[PDB]
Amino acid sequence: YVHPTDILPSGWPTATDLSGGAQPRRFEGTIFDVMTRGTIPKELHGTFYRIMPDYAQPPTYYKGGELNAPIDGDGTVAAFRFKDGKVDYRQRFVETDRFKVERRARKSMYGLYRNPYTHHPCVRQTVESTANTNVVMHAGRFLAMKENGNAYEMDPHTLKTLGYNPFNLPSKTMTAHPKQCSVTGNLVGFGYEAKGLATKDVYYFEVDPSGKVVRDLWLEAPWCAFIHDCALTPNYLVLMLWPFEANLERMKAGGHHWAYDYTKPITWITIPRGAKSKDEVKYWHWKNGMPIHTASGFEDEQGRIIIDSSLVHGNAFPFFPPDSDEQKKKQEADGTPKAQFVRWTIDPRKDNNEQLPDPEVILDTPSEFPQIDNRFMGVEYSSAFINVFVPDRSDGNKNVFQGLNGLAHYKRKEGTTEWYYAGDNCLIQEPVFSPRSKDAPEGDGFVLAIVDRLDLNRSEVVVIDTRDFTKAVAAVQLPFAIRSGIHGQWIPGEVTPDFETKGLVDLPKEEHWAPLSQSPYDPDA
């Protein structure tokens, strides 16, 4: 009933990812010609890169790792490269300064999320990023990102780490949610806590297609807020502030970086693109809640900023609770918050001191990890591909990151939603979209996502044709499970350096090792 070796002690603390799963994976390597079921679309020409937290060492430095968060673990990138119907896989850890210290020491040397006062003395003045949140290919460079530092660059074929801060941003941080403008090609983004721990400074930038900062601006947030995501429109970058606040004194006392604050309203910072002065920036507010990710934004015909996001009516990261006893009690009392997918209207003609209108409910179901058709980034878009709790086939009492068992294809223009169910005893992660061809209509093509086959100890990539969103056309079947991850991206072959000549796996040499004379076969025999 109980295996004798299973009661042998482990030295690992519980190291969850956002799904709640706690199994360390940590493998680095490849599979050539990954097993597939069904037919891989020949139209897929590119790489699905996904990034996951997977603590490389047992994170036992601070309080035995008891307070490690699911967003903390060392970033590892899995790449699934599709070319002529074949799929290869490669996975590798980002060689962050943190990872390198810990691997070389064979020992955890970092404490609480974003709290250097809980790191090992010898590493306090390192970049503490685990580069584990998102990836982007911009100006021919492949980047792994986490918002508490600049990006690390990796080779897109070998996933070897190449360097830190490739665009030489002057801020200490860069968002893991920069947006690649479909008009200018600019990577548009920001970094908050731009001058160090608990600073209110925010740095806005646009890095052009050549890898140079062409526009930037220093500004501040109204408080030191957790600014995870943003929305790009033709004329604005819009920052989205979560109701957490940082407190240096709390950190110095060995407490968490962030504490949720029920008294903070959701706040937006509009930054006119190419603004010459921080006087052009405006703060907008609604009410308390946690809008985790934007799908995208645009400006309507009358110049209003329209942004769709998830909206959790409470704290989706309960592991960063409020400071006060009163607010802590409220978090416990609230239980699992209501979660939806909503649409915000920020009309720049209006007085920003006036509270924003209530957002419109788009999907009345827990919704997270939305993506769009990237051909429409920073302009009007219609398609969103959304990770969802499937209506009437999902728990509801699970934390928003822990019960995502379907995908939705929402089309604003048609006002339709189509649904993909991951399967019984399955979870599914964030979707990515590949257009059927360069000039396919918006949202016409293939959606890919990682499925956890929970009873099988394996992970799979499903491929869905948008012409029938309810059905997978193919599954890429790994021989094992990988961590449940955060973001991933469909990166077209056309924007990947040497995609035509380099695979994820280098071919062995042509020349035989052995001489002809060693063959068992003789054509004369």
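The first residue of the shown sequence is 1; numbering continues from there.
> Hey, which bit's got the bigger mean C-alpha B factor in the entry, 466-474 or 480-488?
On average, C-alpha B-factors are higher across 466-474.
> Quick check on the record: does 129-137 or 441-449 carry the larger mean Cα temperature factor?
Here the higher of the two C-alpha B-factor means belongs to 441-449.
> Taking the values straight from the PDB record, which of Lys100, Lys328, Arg114, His293 has the highest C-alpha temperature factor?
Highest C-alpha B-factor among the listed residues goes to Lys328.
> Pick out which of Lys278, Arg81, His228, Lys172 has the highest C-alpha B-factor in the PDB entry.
It is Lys278.
> Please say which third, lowest, middle or highest, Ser367 falls into when its CA temperature factor is compared across its chain.
Middle third, going by the recorded CA B-factors of the chain.
> Please place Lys509 in the lowest, middle or highest third of its chain according to the CA B-factor in the PDB entry.
CA B-factor rank for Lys509: middle third.
> By its CA B factor, does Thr47 count among the lowest, middle or highest third of the modelled residues in the chain?
It falls in the bottom third of the chain.
> Tell me, lowest, middle or highest third: where does the Cα B factor of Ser459 rank within its chain?
CA B-factor rank for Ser459: lowest third.
> Within this chain's modelled residues, let me know which third the CA B factor of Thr267 belongs to: lowest, middle or highest.
Middle third, going by the recorded CA B-factors of the chain.
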